[PDB]
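Trainee: Experimental coordinates follow, after the sequence.
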Amino acid sequence: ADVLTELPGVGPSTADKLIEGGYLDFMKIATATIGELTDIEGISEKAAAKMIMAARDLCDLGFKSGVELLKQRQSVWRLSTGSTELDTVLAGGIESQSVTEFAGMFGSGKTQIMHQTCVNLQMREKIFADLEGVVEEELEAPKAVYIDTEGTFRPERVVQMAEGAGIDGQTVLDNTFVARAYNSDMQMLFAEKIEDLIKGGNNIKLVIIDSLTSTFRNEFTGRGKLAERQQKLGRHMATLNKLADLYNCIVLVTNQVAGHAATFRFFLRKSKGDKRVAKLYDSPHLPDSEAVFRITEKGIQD
Ligand SMILES: Nc1ncnc2c1ncn2[C@@H]1O[C@H](COP(=O)(O)OP(=O)(O)NP(=O)(O)O)[C@@H](O)[C@H]1O
Ligand SMILES: [Mg+2]
Ligand SMILES: [Mg+2]
């Protein structure tokens, strides 16, 4: 919560050094390590360790039980994919505070789904949030971040899907940030820079990395230095998982295939005609199931 001066032991000066260093929220200080904190101007370990321990207090990061376990879960909001069967398989839609992956072969529809989610994010009938754990002012003016890795982002497809949904295409475009990444370094940097958008008043609620693995697969072709690949990709994933937890946003990624973390995993396959099949083969509380949907001029439906 923006007002760092409330942090016992933290004055206006210290606080200044903080907001600069990237800490503007209590949670980010509470979940920080003495290292990443002392790496700032004049912040000693005693001062670093103390505020850190104090931020945890403010946020009440302790042991929870009984009904309190159900409260933490109500903070997770979901987004509709546009498909009824798909949302039912996700028990609502795509979850915030998690990374969900859509893997599949060429033309299976991974990119189409990413575009649709930017459109649905701008319609509150598409957003399913529990009011007991998500105050609507937190969902106000939601913005998306689309890190394009192959250059497949299509402004016209979003406008078309927006028409199909019954809203203004230009509106979706105004509330969507697109960053073209030409390599793994750029992909990773863009993801670390999302914190800057939020510091700039932008309520980033949807982060898309399309695709998550093509650059890594391009820069580490030799299956000898396959360990350096997993290490770099491993850091990228922790950054993504952390920003989904900290800013209560959903993280969406695509993967082309013919291993890395992610809480929900789907296999997408072409079927007859405009039909498609999405199979959930991995999640912590949902069973493996399949969903049939279509891709059309309107976008994703059924
Ligand atoms: N405007 C549109 N109207 C109807 N169908 C469309 C439209 N745009 C794209 N499609 C369909 O979407 C399919 C391709 O979707 P796409 O999301 O790009 O696949 P993909 O998973 O991203 N594969 P890849 O690009 O190799 O990573 C096409 O082959 C079209 O049939
Ligand atoms: Mg999470
Ligand atoms: Mg694609």
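Mentor: Nice, I can see it. Numbers count the residues shown, from 1 in each chain. Ligands and ions are numbered 1, 2, ... in the order given.

Trainee: if I've got this straight, residue 262 is in a helix?
Mentor: No - using DSSP: H, G, I helix; E, B strand; the rest coil, the secondary structure at residue 262 is coil, not a helix.

Trainee: Might one say that it is in contact with residue 101?
Mentor: Yes - between residue 262 and residue 101 there is a contact at 4.3 Å, judged by CB atoms under 8 Å. All C-beta atoms are positioned from the backbone trio N, CA, C, and that covers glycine.

Trainee: hey, what's in contact with both of those two?
Mentor: Residues touching both residue 262 and residue 101 (CB atoms under 8 Å, 6 or more residues apart in numbering): residue 253.

Trainee: In the protein, which residue is most central in space?
Mentor: The C-alpha lying nearest the average C-alpha coordinate of the chain belongs to residue 251 (CA atoms, centre = their mean; 2.1 Å).

Trainee: Could I get the contacting residues of it?
Mentor: Residue 251 neighbours (CB under 8 Å, 6+ apart): 98-100, 207, 209, 240-241, 243-244.

Trainee: now swap in residue 152 and tell me
Mentor: 111, 210 are the contacts of residue 152 under CB under 8 Å, 6+ apart.

Trainee: got it, and residue 48?
Mentor: Counted by CB under 8 Å, 6+ apart, residue 48 has contacts 34, 37-38.

Trainee: Quick check: residues of this structure near ligand 3?
Mentor: 111, 152 (CB under 5 Å from the ion).

Trainee: What parts of the chain come near ligand 2?
Mentor: The chain comes close to ligand 2 at residues 97-98, 245, as judged by CB under 5 Å from the ion.

Trainee: Let's have those residues in TSV, adding secondary structure, neighbour count and distance to residue 215.
Mentor: Shown next, in TSV, are the residues of the chain next to ligand 2 (DSSP: H, G, I helix; E, B strand; the rest coil; neighbours: other CB atoms under 10 Å; distance: CB to CB, whole Å):
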residue	secondary structure	neighbour count	distance to residue 215
97	coil	19	25
98	coil	20	23
245	helix	15	24
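
Trainee: Which one of those is nearest to residue 140?
Mentor: residue 97 (18.6 Å; CB to CB).

Trainee: sorry, back to before: keep only those of the contacts of residue 48 that are in helices.
Mentor: 34, 37-38 (DSSP state H).

Trainee: what about residue 29, distance to ligand 3?
Mentor: Relative to ligand 3, residue 29 is positioned 38 Å away (CB to the ion, to the nearest Å).

Trainee: Ok, residue 27 next?
Mentor: Taking CB to the ion, one finds residue 27 at 34 Å from ligand 3.

Trainee: From the contact counts, what lies against the helix or strand that contains that residue?
Mentor: Secondary structure from DSSP states H and E places residue 27 in helix 26-30. When contacts are defined as 3 or more CB pairs under 8 Å, 6 or more residues apart in numbering; DSSP states H and E, helix 26-30 sits against helix 45-59.

Trainee: By neighbour count, which bits of the helix it packs on are buried? Give me those.
Mentor: By neighbour count on 16 or more other CB atoms under 10 Å, the buried set for helix 45-59 is 47-48, 50-52, 54-56, 58.

Trainee: after that helix comes which helix or strand?
Mentor: helix 68-73.

Trainee: before we move on, back to that, so which of the contacts of residue 251 are in strands?
Mentor: 99-100, 207, 209 (DSSP state E).

Trainee: that older thread, which of the ones in helices among the contacts of residue 48 has the most neighbours?
Mentor: residue 37 (21 neighbours; other CB atoms under 10 Å).

Trainee: which strand residues sit across from residue 207 in the sheet?
Mentor: Beta-bridge partners recorded for residue 207 (DSSP bridges): residue 145, residue 251.

Trainee: doesn't residue 246 make contact with it?
Mentor: No - taking CB under 8 Å as the definition, residue 207 is not a contact partner of residue 246, at 11.7 Å.

Trainee: show me what contacts whichever residue of the stretch 151-300 of the chain sits closest to ligand 2?
Mentor: Going by CB to the ion, ligand 2 is nearest to residue 245 of the stretch 151-300 of the chain, at 4.3 Å. For residue 245, the contacting residues are residue 97, by CB under 8 Å, 6+ apart.
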